[PDB]
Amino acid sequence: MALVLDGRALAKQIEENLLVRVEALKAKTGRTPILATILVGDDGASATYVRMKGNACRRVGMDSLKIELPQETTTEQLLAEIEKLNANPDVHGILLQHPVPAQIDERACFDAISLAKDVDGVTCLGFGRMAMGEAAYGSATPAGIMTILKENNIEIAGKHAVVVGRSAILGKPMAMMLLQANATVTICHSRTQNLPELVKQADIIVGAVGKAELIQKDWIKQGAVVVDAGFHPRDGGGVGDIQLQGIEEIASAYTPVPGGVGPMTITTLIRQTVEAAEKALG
């Protein structure tokens, strides 16, 4: 049977280390690390993930500054809020939960976040630096995925990694991170032809399409490493972007859904915020 890539376990483990680090920092400086979380509008999943990220902050001994803005917020209004957080020395990281209301230029607002506080890794600057091997906080989910792979001793160098999806915060950074780790990388999307064949060639497959079980189990190469970055709620167990039923007979290793990529998304954000606080308060 396939190795279960246990992101839930790894997240908890990482948080135990973060906790002692945060407590040491507070004891030395008297100051608490702070993630500013920006939630714009009433999207349910967005509310949930910000809630979970706030919880993660408190588990490791830090806190969050919760910024809640109405659905009708303008790009200019959100930019003003982000600049207030940039200029606040008490705020160490800034999260803008995506997707913001569609009238807002989300890209412009991402890029307004100062690099030093880009702990979710959403800036063009941060992306470009990461792609070219320079120090920068990585996009939360992709960086979480790399950590899962690394800490489970998964071979990446020389493997053919197929990333299905090319989103700004997930697919694109994932591809560039795998490339930096010396995988041959294929990037697919909605205009990709022969997707089943490309997926079948993959030694490592990353489902990042935001559509329930789009990647079919019979497309998966026998022995492949299967990363499912999706989540779609359902009665009696939610599912991701990949058909994972019976995956244990097919993959060499796989991330379960729930409890795989998800927990490591949140914990990666918090770890990078601790790093930012450690730097800022050191």
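We number the residues from 1 along the sequence you see.
Novice: Looking at the deposited entry, does 203 to 211 or 140 to 148 carry the larger mean Cα B-factor?
Specialist: That would be 203 to 211.
Novice: Quick check on the record: does 177 to 185 or 152 to 160 carry the larger mean Cα temperature factor?
Specialist: Averaged over C-alpha atoms, the B-factors run higher in 152 to 160.
Novice: Which is it among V60, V227, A251, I38: the one with the largest CA B-factor in the entry?
Specialist: Out of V60, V227, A251, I38, the record gives the largest C-alpha B-factor to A251.
Novice: For the listed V239, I34, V50, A56, which has the peak Cα B-factor recorded in the PDB entry?
Specialist: Within the set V239, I34, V50, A56, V239 shows the top C-alpha B-factor.
Novice: Is the Cα B-factor recorded for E278 in the lowest, middle or highest third of its chain?
Specialist: Middle third of the chain for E278's C-alpha B-factor.
Novice: Taking only the Cα B-factors deposited for this chain, tell me whether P196 sits in the lowest, middle or highest third.
Specialist: It falls in the top third of the chain.
Novice: Where does the C-alpha B-factor of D120 rank in its chain, lowest, middle or highest third?
Specialist: As the PDB entry reports it, the C-alpha B-factor of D120 lands in the lowest third of its chain.
Novice: Using the temperature factors of the C-alpha atoms in this entry, rank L269 within its chain: lowest, middle or highest third.
Specialist: Its C-alpha B-factor, which the entry lists for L269, ranks in the lowest third among residues of this chain.
Novice: Rank-wise, by C-alpha B-factor, drop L18 into the lowest, middle or highest third of its chain.
Specialist: It falls in the bottom third of the chain.
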